[PDB]
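What follows are structure tokens for two forms of the same protein chain, given separately as structure 1 and structure 2.
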Structure 1
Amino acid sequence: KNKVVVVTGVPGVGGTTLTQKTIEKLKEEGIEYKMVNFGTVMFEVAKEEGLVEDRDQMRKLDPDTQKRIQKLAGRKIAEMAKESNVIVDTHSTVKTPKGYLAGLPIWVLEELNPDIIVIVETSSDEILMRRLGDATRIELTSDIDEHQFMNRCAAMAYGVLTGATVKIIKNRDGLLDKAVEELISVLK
């Protein structure tokens, strides 16, 4: 009965902060959503098996054991959903030097079974300027638009394989409060 919701967006789009604010407002109203990050959920599982001590060591792992941890992360999130509604911060695609890599390949969706995929969007201009303010980080607006394109294709495909609705929310400067209200609204 409890919902599984995935929140995605490119670095700098502000989707993590948006979800934290939404859960706070859902809790004023008595609706508990537990927030997790899919990637540290994978890191946690790999430490459980003695596979790592360091988080940089993750992307030096073989493609098989990395496919199994992905599976255990989704199943593990599937387990938390018996005890609370779950909101998962993850990438629709990771922009890697080798190309766009789906954050939820089919073997992860079959275990996770989301009810909603959220795509958090804004203009390339607003995204690139946020990045420059972040003292912890250079790529330009065309590469940012390309990524927001490929993220859309990946989430719609997730929707075709899982049955989740795919919801696009705009997170615009001066209007972050509007993004919260629509996301609260989606989940009620």
Structure 2
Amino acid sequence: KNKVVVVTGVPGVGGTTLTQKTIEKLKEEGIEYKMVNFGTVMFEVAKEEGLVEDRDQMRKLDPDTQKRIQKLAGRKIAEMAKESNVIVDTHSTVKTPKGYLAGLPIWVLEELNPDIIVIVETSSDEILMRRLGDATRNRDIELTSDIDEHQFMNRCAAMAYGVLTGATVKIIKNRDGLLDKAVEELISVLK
């Protein structure tokens, strides 16, 4: 009871838009999912402690501070899952200056116990271009091969999640012009 779905992707791949369009379309049939953004759970604890003005400052903090707030947020979100189904928008790995940080390290992974881990992907081309069109959230404008490296290490981390807990790992394409098709696939997956 109470399903826990994790939705992941490098910044710019659009996992948030996918989650939101799928949830509003799930509610047309009375399938209620609550969206939880893990970075927002984290960003409220950080903003309480003075470590960050905004949320793009979090992947740059010392990784032991990152892991400390990540663990809190996983506990908090696990509690949210006791009340309703949740789709958790978060990361297979977070890119930090000191490397990729697993977003669900085994202790956090065990606390959420997701049923399905979704990887939202597209070509690094389209990601870089989406990142450059948004002068709101200031994201890594990195080379496309750096983007591909991230999507590469996201697959690796995510599949280890599946080896550890038995969750299925679903890859869904969210390509420029075809968001609707990513929603049909994610919707179909949650039934």
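Residue numbering: structure 1 sequence, from 1. What we label the rigid core is the largest C-alpha set whose atoms superpose within 1.5 Å from one form to the other. Shifts are known only where both forms have a C-alpha.
Form assignment for the chain places structure 2 as the one matching the criterion, namely the form solved in complex with BIS(adenosine)-5'-pentaphosphate (AP5). Among the residues 54, 145, 32, 125, the single one whose Cα moves by at least 2 Å between the two structures, once the core is superposed, is 54. The Cα position of residue 108 differs by less than 2 Å between the two structures after fitting on the rigid core. In a rigid-core overlay of the protein, residue 41 has its C-alpha displaced by at least 2 Å between the two structures. When the rigid core is held fixed, the Cα atom of residue 72 travels 2 angstroms or more between the two structures.
Fit the two forms on the rigid core and the C-alpha of residue 63 turns out 7.3 Å off between the two structures. Aligning the rigid core leaves the CA of residue 19 displaced by 0.2 Å between the two structures. Listed alone, the one run of 3 or more residues present in both forms whose C-alphas shift by at least 2 angstroms between the two structures, with the core superposed, is 39-83.
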